[PDB]
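This report concerns only the one structure given below.
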Amino acid sequence: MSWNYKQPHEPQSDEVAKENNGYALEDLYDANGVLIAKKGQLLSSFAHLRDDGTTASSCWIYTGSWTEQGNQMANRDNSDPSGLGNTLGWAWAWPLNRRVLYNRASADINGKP
Amino acid sequence: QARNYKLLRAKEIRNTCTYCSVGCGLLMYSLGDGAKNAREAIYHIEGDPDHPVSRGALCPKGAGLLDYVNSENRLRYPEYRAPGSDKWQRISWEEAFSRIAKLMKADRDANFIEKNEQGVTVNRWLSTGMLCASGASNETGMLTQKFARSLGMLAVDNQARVXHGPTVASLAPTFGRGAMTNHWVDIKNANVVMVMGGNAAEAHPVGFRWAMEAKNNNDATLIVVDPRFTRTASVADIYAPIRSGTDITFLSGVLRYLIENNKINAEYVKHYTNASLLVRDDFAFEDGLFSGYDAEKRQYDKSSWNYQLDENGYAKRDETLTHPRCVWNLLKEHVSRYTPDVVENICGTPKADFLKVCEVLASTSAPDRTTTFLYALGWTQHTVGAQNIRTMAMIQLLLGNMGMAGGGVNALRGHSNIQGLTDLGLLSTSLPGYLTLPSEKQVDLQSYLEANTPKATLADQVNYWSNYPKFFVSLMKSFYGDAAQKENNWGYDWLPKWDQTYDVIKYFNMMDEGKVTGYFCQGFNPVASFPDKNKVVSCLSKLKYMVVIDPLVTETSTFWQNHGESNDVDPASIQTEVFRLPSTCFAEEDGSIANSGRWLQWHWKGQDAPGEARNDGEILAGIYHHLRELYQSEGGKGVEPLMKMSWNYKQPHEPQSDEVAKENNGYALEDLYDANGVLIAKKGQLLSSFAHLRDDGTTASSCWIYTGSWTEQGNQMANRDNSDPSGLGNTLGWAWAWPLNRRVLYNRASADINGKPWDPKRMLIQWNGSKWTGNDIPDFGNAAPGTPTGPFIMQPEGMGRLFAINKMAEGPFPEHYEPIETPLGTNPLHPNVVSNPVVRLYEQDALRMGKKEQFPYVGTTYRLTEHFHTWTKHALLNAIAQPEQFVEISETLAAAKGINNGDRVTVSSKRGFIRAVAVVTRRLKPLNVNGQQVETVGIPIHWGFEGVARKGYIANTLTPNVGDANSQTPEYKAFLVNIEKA
Ligand SMILES: Nc1nc2c(c(=O)[nH]1)N[C@H]1C(S)=C(S)[C@@H](COP(=O)(O)OP(=O)(O)OC[C@H]3O[C@@H](n4cnc5c(=O)[nH]c(N)nc54)[C@H](O)[C@@H]3O)O[C@H]1N2
Ligand SMILES: Nc1nc2c(c(=O)[nH]1)N[C@H]1C(S)=C(S)[C@@H](COP(=O)(O)OP(=O)(O)OC[C@H]3O[C@@H](n4cnc5c(=O)[nH]c(N)nc54)[C@H](O)[C@@H]3O)O[C@H]1N2
Ligand code: SF4
Ligand SMILES: [Mo+6]
């Protein structure tokens, strides 16, 4: 079992949070040959996780919580553009910041609300 | 010990002063820390020390804002006044919206005009009109534009009509744009500061700090030329008097002096102005009239007021300036009549004073010395207003001061956002971005674009308006979205087409004839601000309905109420249904407003509005949705153009400021590529420059000159970097200025033809071998030094115009004409043509004009530093500062009438009277004019019948109902009155 912390007797919160988010262990490419992530970088989505050993994450639903863009859990933008009380800029929700689960069902089969 | 500091735990909010165009920064303090359970309440306001223009300062108006925000006269609930009633009745918002929508639909269905007599679709509505709020945000402005035009309205004006309309009418033809050319802090770089046609120390005090910086720390000479010795004169090096309405004579005299003494920047003139262009042989001027005058129509056929054309269709030139028909030689001939004796005889300005002014101005013809002119209403509010400005602009071109730091034409704007509303086109025939609504003669898109897209008149010019189609199609995409396609000409026919301009004087003439059913007054108080108040009240009384939207009680909202002599009406005889809707003020919404220097500045909300007051966009939305729903279920006339207008906001009943600001900036509707195949923008992204707008429907922007204000990099109007690397006072990192953040317009002219600065200590732009760079964003393309490309890029010839070809209504050169009501009863320069020969004067108004035998004194109206129009009298602090109405007269006139200082007097005109306290002073002195002694009676415009200051009389009770021949801006600055002891 790994315990890869700079100070083994004092693991830091940011180290563990980043492990939970996940990393690319090799450069990663999409199907069109476009680089999606570089070796050593934090992953931006669980959609980028792979089953071949080139990605790591100790909690896949948390991928996106602390990316190369920073600690999203520290976001403090309370803007609510729709007036519905949805604040996508405050902290970070799993999965992938979706605040209301099953929201495709907020519309009918033709996509009308 | 001292009481504790009262703001230690208050919420601090950044905002901008709501009164004048200086745009001073504010720091407002509210009780409460923003928690949901605490209802914020602003309890103190002071300046923002980091703001580059104000640096923490605030004049008495800005410093007293707390008393306006918390005025006892703030509106709280929707109120209704029934026909013939003498009282208000409170109603709900839903009642107000439904009643108003019903009244509007009935009127629109009865009077909407789908087609004109020539069979052209015009979709216009003329029986209901609107006055728009120059004191409200740009976002409110755009919503108002969409509201008004989608309904087909053409009688849509904002304060510009009675203010700087003449400036746009003159500076655009002369330089290419109608805006103030430099900016506030830049004034500190001047060597000579000229305050003429304005009173900056009282009308723009914090901005005036920079003129004092020029004087005190740049060794500049401050000159004031005004009929009164004002508070600006108090600090001036030189003061010279002038009779109201004679500026063209004084300024033309300066032109004569400069030319005769060769006090001009010759190379600047030769290359940057149209001095070398040849004028048609049939152009002429004699005895007060230019060629082409039609005495029956009282208009000019301007065919001869043009350049001779060469073999390639461009203007012919004579670089040697020896040809008798070159603009230069014709200008010399035209101003030859304005000798110092003529100036003294007509203006009353003593020759010794006029000489002092001429000499000082002349000292700035040197390439490294500049004069900057600071002006406003002293010049605009005349029947020859636009021509007053033409003359001064010509002076700045001869001196080589345009495009220079510390030079230029600082036409000081009025209302906090009159610049924004002008930019957004809230004027009868305008559209946003200085675009124009189609005239009814332009039957299709092609004809419309051809009429508005100018062909270059000299080769190798930028002639940027050639891009008009891109701006227009982009505007249509913003308005109509998917409904605008190539197939239906981008929705071309949905816009109302005009048969004429529906300016306010014309519209009230129509109202007096019973042709106007309803009227909206959004942040505009015409009973106080329009000329001939007695007639205005009589006109409004004929309306079937009126809707007032304001954060305060206004005289207009209570025009039907009897207030004694101040408003002697009989409520029972006035059948108008009046709706008074409570709105927010500047401190209660976020949004942007454009200051005089073209700076779009963002501000933030500090508290909720009192009672049931709502923001302007919410009020418009409430009425609009109720009205459109009526059309959805009942049908009616002009249904399609109304229903096609977009209102794409997340909450349709509450459009947000950021949504509208982004629409104004613009979007890419498809991925966009440059000519080399490189992606410039992705579908859905905000555009970074108007250079990316297209005419094929792939881009949208509801105000092209604002593209760059809110990009993918964020809200630039919220930028707060006050860095000034050059020391010239240019702060590119504070807010965002149009166009494309260029702070000093025409800056290519800050350097000579070889790209060398006229003054090496004031470099604005320079050539690096491949592009122009410097201390300001170049107002230019990439033309290398030595090429023929002119520095005035919006001009088809790329030059500043000394001769304005066919652009001005009364002549390509300015000419002295007396005010309609003149103390002389004649014009010494040409008795056969006394006043402007192209002025429009309705018969009913001609009957209300007085003559010198009954009204011998010159009457003029103006401001006092302590009050803002009839608005601040609702604020206690300002009422304390100047509590009671007064008028100013000389010691000579007072002695002749037996008036002691402080005595009560009655000032009257052919149209009415006011009574007030007399301020007798040596600051007003009679002048010797054409053999007579001419006296002036000064009338400040701040009192009335609503407010907490002592009750008074509307100053406009005295003013004439006639205006500038170009914009129809009223002649509020020069008329005739009489005075008697009271
Ligand atoms: N204190 C205060 N500030 C204001 C406002 C306000 O109400 N109060 N309003 C704001 C607005 S909306 C605007 S447009 C500006 C305008 O601001 P300005 O035009 O500078 O101000 P005014 O006080 O209208 O008057 C101009 C000066 O011209 C003089 N004058 C009168 N007739 C003539 C004439 O024919 N020739 C010349 N050369 N001078 C003449 C007057 O005595 C006066 O001192 O003010 C803005 N700033
Ligand atoms: N005699 C004479 N006449 C003049 C002039 C002159 O020199 N002499 N000058 C002319 C000029 S240049 C001008 S600009 C006019 C001005 O005259 P007006 O603009 O009619 O007068 P103001 O008193 O400035 O009032 C306008 C309204 O804006 C309201 N307002 C404030 N914020 C908002 C808001 O956010 N929303 C809404 N809906 N309303 C708001 C204010 O409370 C106020 O009632 O006077 C003109 N008439
Ligand atoms: S009225 Fe003008 S000068 Fe005075 S504080 Fe407000 S913006 Fe500044
Ligand atoms: Mo004004």
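Throughout, chain B uses Swiss-Prot numbering, with the displayed residues spanning 34-1015 in order.
Header entry for method reads X-ray crystallography, 1.6 Å.
The backbone N, Cα and C atoms fix where each Cβ goes, and this holds for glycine too.
Annotation comment: Swiss-Prot describes B:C50, B:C53, B:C57, B:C92 as [4Fe-4S] cluster binding site. According to Swiss-Prot, the feature domain '4Fe-4S Mo/W bis-MGD-type' maps to B:43-106, an assignment based on sequence analysis.
Chain A comes within the C-beta cut-off of under 8 angstroms for none of the binding-site residues B:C50, B:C57, B:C92. There are 30 other CB atoms within 10 A of the CB of B:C57 ([4Fe-4S] cluster binding site), with all protein chains counted.
Across the binding-site residues listed here (B:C50, B:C53), the residue whose Cβ sits among the most other Cβ atoms within 10 Å is B:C50. Sequence-distant neighbours of B:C92 ([4Fe-4S] cluster binding site): residues of the same chain at least 6 apart with a C-beta under 8 Å from its C-beta are B:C57, B:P238, B:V239, B:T898. Cβ proximity to the [4Fe-4S] cluster site centre (mean Cβ of B:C50, B:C53, B:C57, B:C92, cutoff 8 Å) flags the following additional same-chain residues: B:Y52, B:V55, B:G56, B:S87, B:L91, B:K94, B:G95, B:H237, B:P238, B:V239. Secondary structure at B:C50 ([4Fe-4S] cluster binding site), taken from DSSP and collapsed to helix, strand or coil, is coil. According to its DSSP assignment, B:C92 ([4Fe-4S] cluster binding site) is coil. Among the binding-site residues B:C50, B:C53, B:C57, B:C92, the ones whose Cβ sits under 6 Å from an atom of ligand 1 are, in sequence order, B:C53.
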